[PDB]
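# structural data only, the sequence is not supplied:
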Ligand SMILES: [Cl-]
Ligand SMILES: [Cl-]
Ligand SMILES: [Cl-]
Ligand SMILES: [Cl-]
Ligand SMILES: [Cl-]
Ligand SMILES: [Cl-]
Ligand SMILES: [Cl-]
Ligand SMILES: [Cl-]
Ligand SMILES: [Cl-]
Ligand SMILES: [Cl-]
Ligand code: NA
Ligand code: NA
Ligand code: NA
Ligand code: NA
Ligand code: NA
Ligand code: NA
Ligand code: NA
Ligand code: NA
């Protein structure tokens, strides 16, 4: 039950972006969920600082928070958007929209 | 009160690393602390996914967790360590030990 990519389907109208995004209506953003506690998995790929903070958090749980399961690499998607003039326009690689990799940081 | 680098002084014996680290006894690791909620600061430098997840978390706080204030760039330190033979040896750039930048991810 450690840090990993799980599914997260995002509807653009729900987050108030339908005003400038015609299509798609929903996309697969994924999310990173899970713990960063010891012992770790063989593919968490954690930084030295995340390891140190996890140890410090264990010894002082009230003073220092835990490390975090976050996206460590993102992928683009394509969106059809009405530009400032108002015409549908394709953005082929809308960067940073979907999780490619998760990790403890 | 948004995501920012705050101080975190780490003692190597407290985290059980004194067995292979002779010096220094403590170092300044810093940590990233604060919220990732709207409105954001001019220097959070958040990814598109962190922005999307924050919106989804606002609309569905029980199903989707918040974005995270984590280190986005790390700096090295120097440590004196007894090697596998047992002699003090300098590691000049022990990478990923201290926070250089924080951000919402
Ligand atoms: Cl481990
Ligand atoms: Cl590292
Ligand atoms: Cl593009
Ligand atoms: Cl291409
Ligand atoms: Cl982009
Ligand atoms: Cl904002
Ligand atoms: Cl991005
Ligand atoms: Cl080095
Ligand atoms: Cl150098
Ligand atoms: Cl290193
Ligand atoms: Na949604
Ligand atoms: Na949905
Ligand atoms: Na404590
Ligand atoms: Na292509
Ligand atoms: Na400590
Ligand atoms: Na200390
Ligand atoms: Na909810
Ligand atoms: Na140098």
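That came in fine, so what should we check first? Numbering: from 1, shown residues only, chains lettered A, B, ... in the order given. Ligands and ions are numbered 1, 2, ... in the order given.
# so stretch A:56-68, near ligand 13 or not?
Yes - in terms of CB under 5 Å from the ion, part of stretch A:56-68 sits within range of ligand 13, namely A:60, A:62. The C-beta positions use only the backbone N, C-alpha and C, and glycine is treated the same way.
# any idea how far apart the tips of that stretch sit?
14 Å (CA to CA, to the nearest Å).
# that one vs ligand 1: in contact?
No - legend: contact between stretch A:56-68 and ligand 1 by CB under 5 Å from the ion is lacking; minimum distance shown is 12.3 Å.
# so the residue lying farthest from the centre of chain A: helix, strand or coil?
For chain A, the C-alpha farthest from the mean C-alpha position belongs to residue A:85; by CA atoms, centre = their mean, that distance is 31.4 Å. When classified by DSSP: H, G, I helix; E, B strand; the rest coil, residue A:85 comes out as coil.
# same question, residue A:41
Going by three-state DSSP: residue A:41 is coil.
# that one: what's it in contact with?
A:2-3 (CB atoms under 8 Å, 6 or more residues apart in numbering or on different chains).
# which bits of chain A sit near chain B?
Neighbours of chain B within chain A, by CB under 8 Å from any CB of the partner chain: A:8, A:10, A:14-17, A:29, A:31, A:33, A:47-49, A:52-53, A:55-56, A:59, A:64-65, A:67-71, A:74, A:94-99, A:105.
# go again with 7 Å.
Contacts of chain A with chain B, taken as CB under 7 Å from any CB of the partner chain, map to A:8, A:10, A:14-16, A:29, A:31, A:33, A:47-49, A:52-53, A:55-56, A:59, A:64-65, A:68, A:70-71, A:74, A:95-97, A:99, A:105.
# tell me the buried residues within those.
A:8, A:10, A:15, A:29, A:31, A:33, A:47-49, A:52-53, A:55-56, A:64, A:68, A:70-71, A:74, A:96-97, A:99, A:105 (16 or more other CB atoms under 10 Å in any protein chain shown).
# the residues of chain A next to chain B in strands, which ones?
Residues of the residues of chain A next to chain B located in strands (DSSP state E): A:10, A:31, A:33, A:70-71, A:74, A:95-97, A:99.
# could I get the residues you listed as CSV with distance to ligand 2?
Shown next, in CSV, are these (distance: CB to the ion, whole Å):
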residue, distance to ligand 2
A:10, 30
A:31, 23
A:33, 22
A:70, 15
A:71, 17
A:74, 19
A:95, 24
A:96, 22
A:97, 26
A:99, 20
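# gap between the two ends of stretch A:17-26?
11 Å.
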